[PDB]
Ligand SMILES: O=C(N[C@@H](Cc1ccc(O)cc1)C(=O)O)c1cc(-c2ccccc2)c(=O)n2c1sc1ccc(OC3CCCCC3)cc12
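Just one chain is shown here, as structure tokens, and it is the form deposited without the named molecule.
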């Protein structure tokens, strides 16, 4: 294994020759440990609070979920704690019959996904334009430096020789350039999956990439129209740690559809940075903080470019395999059998595969499946054997599905169908309100001015106006924040890193105009394009549903906050200064 990872370790060991040592009391059990060197401690035990959002959400000062979200440890202690809990495990190898079905399904799936699209390399200019349309940060300075691109070229020459010298995953500027260079090279070889939307619903059938949060509920409602059993949405316990060496070899099959120059670079990413990997992790010791150099041959590196797409692929594959078991196509004897009959698997894929993909909504490890009947509930042999063990449920207990798409959890949300005053229906995203408020009350980092803090607050308020307008407390709090923040100040930073976020709230355009564009004009499930001319006509959840989903409506502390909110708005206004504000209440 040193033949692939040795050069990377040699360069780390040489760079840190001063403090390099082999800590014999290292905590790694399933990862190969190579050594340690001293570093400064990174991260914090708590998260900085957004004073603007906090001052305009007083009733949630006394809310347990809101307090918990403000915590979140990122220090070397936090890193070690999380590592021990999930990351330091071994997934048992799937049985020979399971490996055979997975291989047949993977080959068929890749051919289906590549029926109209051809893979291609992504470029320096694509990467640059992406870094630029994210910040104005140090990555934008690196991308603007020609010396960064020369290091990239030197690493690619090693990759073409089947070698790696600096692509290390992290759990002066030379180490930063090497990290960003590693990410660019991965982007160059596998970025086409995201850039060319291989996991769009049109291209993948099950996928939802590029759809956006506001379309997910409509997609779940369309799946509900398909004849069959209940809708199942089982959570896998730490999906990324369950990606096996067999999953990685099935994912690699996409290289067969690539041009030879692309294939060579993609093969280098697969073989040297996915199927073999070198990881840096901080650890507190009595003498200070150390960086550990570890390695392994499986699992998914969570921060990588290919993660989302490759998790989506393997989950689509795994769910088709589970659907086959439910239908009686795969038996317990088949999974144990190395010599299992390939014909019935092929016949099912070529005659039913696409129809079976249409019964699903898959986003990374998140899945919703509507099988042809409920035999699926108890079809767990292949799912557990592939290593995709469901979270917090005995291994052999049947899955519980839903007969109402509105109760189905998907991508941290559930979705409600609303009837507008004019009779039109909307399908809206929703989650426990405390999670929305709790997140909005967290600022990103330290040394942020009241201006930057107020602008992130505005970003959260405007996201609420567009996605969560149907929640009484969030429309009220959103109006309060937008009233306290100067009208012409542009929302800054980002409310989420979610692939489902299209950030339509990152503007100074009127939120009702933006609402109309998203929910009426551009909405393909809105046949009648009549615009909504007033927020008074923008609906809310039924009062009982709003309360079931965490609303404080009907409580006195809430009635008091609603009554006294102009006072809190004015307090924020007086501390911001003599700017142009607008009254939204």
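Numbering follows the first chain given and starts at 1.
One more form of this protein should be noted, the form solved in complex with the named molecule, which is absent from this view; the next part is about it.
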*Might residue 307 be said to contact the named molecule in the deposited complex, defining contact as any heavy atom within 4.5 Å?*
yes
*asked:* My question is simply whether residue 398 lines the interface with the named molecule in the deposited complex - judged by any non-hydrogen atom within 4.5 Å.
replied: no
*Would residue 194 count as a contact of the named molecule in the deposited complex, using a 4.5 angstroms cut-off between non-hydrogen atoms?*
yes
*asked:* Is residue 303 part of the interface with the named molecule in the deposited complex - any heavy atom within 4.5 Å?
replied: yes
*asked:* Given the stretches 387-395, 352-360, 252-260, 307-315, which is the single one in contact with the named molecule in the deposited complex, using a heavy atom cutoff of 4.5 Å?
replied: 307-315
*Could you work out which of 179, 148, 348, 515 is the residue within 4.5 angstroms of the named molecule in the deposited complex, going by heavy atoms?*
179
*Quick one: name the residues from 496-515 with any non-hydrogen atom within 4.5 angstroms of the named molecule in the deposited complex.*
497
